[PDB]
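Participant: Residue numbers (UniProt numbering): 1285 to 1357, 1363 to 1422. Built from N, CA and C at the ideal position, the CB exists for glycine as well.
#1: Does residue 1292 pass the burial test, meaning 16 or more other C-beta atoms within 10 Å, or should it be called exposed?
#2: Starting from residue 1383 and walking both ways along the beta strand (DSSP E), at which residues does that stretch end?
#3: Using a Cβ distance threshold of 8 Å, determine whether the stretch 1379-1393 contacts the stretch 1304-1320, with at least three qualifying pairs required.
#4: Please classify residue 1299: is it buried, with 16 or more other beta-carbons within 10 angstroms of its beta-carbon, or exposed?
#5: Mapping DSSP to helix, strand and coil, what is residue 1410?
#6: Can the beta-carbon of residue 1334 be found closer than 7 Å to that of residue 1375?
#7: What span of residues does the alpha helix (DSSP H) with residue 1325 cover, start to end?
#8: Report the residue from 1294, 1354, 1419, 1387 whose alpha carbon sits nearest the alpha carbon of residue 1409.
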């Protein structure tokens, strides 16, 4: 199906993003492990766009590089590989015009953790980083 899907990932604080950016890993809730995996196999590329909660920035975006091994068998459970593409902060003002038809046409800036972006609008969301060096 969909050759590219996009998802918003929220962080509780910026240190976690700093860990992800340097170690190249992420981990998320289980509600979202099932969603992200089925997306990993179906789509050619899954993009994760990041935002610390209540920070007023997206802190960059990454591609999802592995699956979320939840072997039947805490303890680095549910950690997966991410490949950051852009690590520069983008204020919400640059995206205010961008609306998510899959989230009640609300602004993409208003997304729960793991919210999938409609592909056209995900695509433009990524093009805004080209403004930033």
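Facilitator: Result, derived from the coordinates:
#1: Buried is the call here.
#2: In the DSSP annotation of this structure, residue 1383 is not part of any beta strand (DSSP E), being labelled neither H nor E.
#3: No contact exists between the stretch 1379-1393 and the stretch 1304-1320.
#4: So residue 1299 ends up on the exposed side.
#5: In this structure, DSSP gives residue 1410 a helical state, which the three-state scheme calls helix.
#6: Note that the C-beta distance between residue 1334 and residue 1375 is not below 7 Å.
#7: In the DSSP annotation of this structure, the continuous segment of the alpha helix (DSSP H) that includes residue 1325 starts and ends at 1314-1326.
#8: Out of 1294, 1354, 1419, 1387, the CA that lies nearest to the CA of residue 1409 is found in 1387.
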